[PDB]
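Two separate entries follow, structure 1 and structure 2, each one form of the same protein chain as structure tokens.
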Structure 1
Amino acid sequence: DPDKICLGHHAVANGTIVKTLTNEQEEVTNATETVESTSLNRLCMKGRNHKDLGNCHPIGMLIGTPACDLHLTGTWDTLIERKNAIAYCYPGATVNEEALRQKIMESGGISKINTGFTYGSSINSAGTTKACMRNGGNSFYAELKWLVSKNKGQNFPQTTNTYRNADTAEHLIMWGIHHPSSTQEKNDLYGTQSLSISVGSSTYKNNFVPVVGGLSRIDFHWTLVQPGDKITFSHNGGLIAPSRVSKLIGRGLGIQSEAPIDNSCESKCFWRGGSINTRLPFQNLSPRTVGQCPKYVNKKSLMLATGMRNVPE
């Protein structure tokens, strides 16, 4: 008989099923996953000058709610927002609220500048309330002033206050309009006269009238004051005037999540549930992610073959 030499390949007992162009059920010797299905339930903030707001809502940084007392000023590359965050201590809401929140979450810091508004002896600029509690006693929004008459029942005087932007970058200015609950409440603070607030700059002009209808509410408005421009507030009661304006510094990564901070680990991809630190190209946790992320796909698994056809004995 002749001597033999045989060519052959390896194989395994337990193969793995992969998809090819021509076969949905192709057995190979090994394969590896390309779609990540697991996430870390933490915000991995190592190597990031970050700011967890916690109970503070981004809009509360600009107006100065008691919850945001440690977040009036600062710089950051990453800003974390939480669920059920307090923007307003007193009842009310901001006009064009979502656009303001988005602009703050894109920023890389906030700095404050004084308006320098001074009010006459007739006006009481230290108006307070039990809704906004600070340091045990009653207080108000830190960056605003509730203006009322010093003598109860007297007419609030025709006041004019003009902020001037001396900076080379634009400034964000916010104010409030008190809409009293009753006519008796309206007359005690601002008097019997008809109220009318005018706000005017070179790129903005608007009138605001209080409307009478157990607390009241203070609705907020905002605009951008350009470099070398001024904004004039003419009023006679009802205006919650700014003592300071805001300046949004640079850019940063806004994150909205419920996961706790972790400073020991790094990450470049975040979502509502936490961080995604995978090396894989695809992922199926959520379609809403931020940062440098793997791409979202509608797939549980996609196995990439790392071996030949498994042809077992």
Structure 2
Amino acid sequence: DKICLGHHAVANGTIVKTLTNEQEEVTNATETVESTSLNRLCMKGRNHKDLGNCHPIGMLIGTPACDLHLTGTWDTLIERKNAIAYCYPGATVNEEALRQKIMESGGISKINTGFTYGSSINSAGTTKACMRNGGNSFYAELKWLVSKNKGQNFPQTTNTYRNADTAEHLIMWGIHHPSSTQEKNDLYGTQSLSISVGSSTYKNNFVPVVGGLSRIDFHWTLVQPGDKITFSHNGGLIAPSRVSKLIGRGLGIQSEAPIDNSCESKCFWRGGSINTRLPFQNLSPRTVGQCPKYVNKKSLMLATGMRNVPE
């Protein structure tokens, strides 16, 4: 009589790597590197905002493209390719820092600056470049200040905004650099133009320069609770009508992929979502959110069983 001890096996086993052996056969194994991506942004459980044609900077200054996105709250913000920040030609100083700061936020609210100007200032100047409601308009949160009577000197004006909130506010402004000397004199007169912005945490001076629409370069800063920021100008300033408060935190995603409210994900990239449970990932080094780690590896099989010894 006999009793024999033994172990199971399978006909078709799986190859794994060990410390010792490249080609070790085992009864079962499982993948640790995810290779597939969903070609969409999985937005289930997320109060998201798809900006579409609106560029994040554009919702602070207020281009026509961003009229639906001037305020709101979100936990996720999606930026698309070729989104419009500027109707009238321009460039923001520290463009990328401002974009990323907006794309880290979980909302925007707008606060009136309350700025008032004398009778010799026309504040309602528009342009055919910023079209809204099939008519000439301008950036919704700014005002182009000009001399009311064409040719006259713009008066030395002082406008000061105080932050009365318990949170910091983001304030923007433009500086019109005229194209020719004729335009400069028609808009602001023949005087020396001197624009001066200043607070506790910020101070700068801007002198417009001469030399087919012209430029408007944008600037920005944060204004801390209880602090004032003061604009001293005599022509050239594109003054704010409202300031912005960035509310809480959120996840900025840059992707052309469509939104799907049926799937959930915590990790995103340019080409969509990566909602695997696996620890590793070979799809992209550029991701955001809570992600598996990128590895230069096609497959990596963890063994879930003994050696397979068939016969």
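The term rigid core refers to the maximal set of C-alpha atoms that superpose within 1.5 Å between the two forms. Residue indices: 1-based, along structure 1.
Decide which of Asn277, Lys46, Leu189, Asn236 coincides with the hinge of the rigid-body turn seen between structure 1 and structure 2. Between the two rigid parts, the hinge is at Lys46.
Treating the chain as two rigid parts, what angle does the smaller turn through between structure 1 and structure 2, in degrees? Value: 9 degrees, smaller part relative to larger.
Core-aligned, what does the C-alpha of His9 shift between structure 1 and structure 2, expressed in angstrom? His9 is displaced by 4.8 Å at its C-alpha.
How much does the C-alpha of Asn30 move between structure 1 and structure 2, in Å, given a rigid core overlay? Shift of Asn30 at C-alpha, rigid core superposed: 3.2 Å.
Inter-form CA displacement between structure 1 and structure 2 at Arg288 - rigid core frame, Å: It moves 1.0 Å at the C-alpha.
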